[PDB]
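Below sits a lone chain in structure tokens, taken as the form deposited in one PDB entry.
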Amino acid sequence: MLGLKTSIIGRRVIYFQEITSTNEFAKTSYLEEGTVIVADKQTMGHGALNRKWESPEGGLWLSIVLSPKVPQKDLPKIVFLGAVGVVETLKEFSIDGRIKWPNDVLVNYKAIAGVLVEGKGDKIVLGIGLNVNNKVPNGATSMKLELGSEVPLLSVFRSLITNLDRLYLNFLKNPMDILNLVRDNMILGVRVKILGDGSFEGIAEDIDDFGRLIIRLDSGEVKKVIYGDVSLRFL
């Protein structure tokens, strides 16, 4: 009854009044590529390292099952698909979303959405949490809060699914294209702190041909950051 016209993403959609976590359900269940798992609220929503992701009613919490037939070296770029998709949808609603490498989208430096990719080769789960009309934790914001009025949740869903399907289809043909879009929509030219094995500060200059964040330390030394257990903090 939804009348979705996408080619892959959204061929099927499983909606939940409530669920533990759409990412957990998508990873665990036997599902076809392109299936979208969406719920009004999550009781056990999570980010990386099982960090808690607040998922109250009013937000868009979903996961997409993917089976990307591209070189293994391109797989890490899936997270960018989600990030850019969100940015494009926000722009459609006239909200200025900017990407915080590699998986967050901010508005005025406040987190409005987060992306989490999990998988293992043949099966990749693209998870996206976007605050629309829901209450949010400090440090975050929502579409409603930015526009000063509530936004039809279904309209946001349709917008995002349409955008992701297009991005994904092009990704299968040209896996490098998404890097240009991330670059054009990411926060750069400012000082950032990278938290990992230790920590260092520098100017976020750009992302390279592998999606690595290029940071210039005061000393002039260039470091290339690979995401995966490293957190980025703006100063």
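In this text, rigid core is short for the largest set of C-alphas that superpose within 1.5 Å between two forms. Quick note: we count residues from 1 along the sequence shown, nothing fancier.
There is another form of the same protein, the form deposited in another entry; it is not shown, and what comes next is about it.
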{"property": "Sole member of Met186, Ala26, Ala204, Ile194 with a C-alpha shift of at least 2 Å between the shown form and the other one (core-superposed)", "result": "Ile194"}
{"property": "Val230 C-alpha shift between the shown form and the other one of 2 Å or more, rigid core reference", "result": "yes"}
{"property": "Closer or farther: C-alpha pair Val115/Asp229 in the other entry, relative to this form, given a change of 3 Å or more", "result": "farther"}
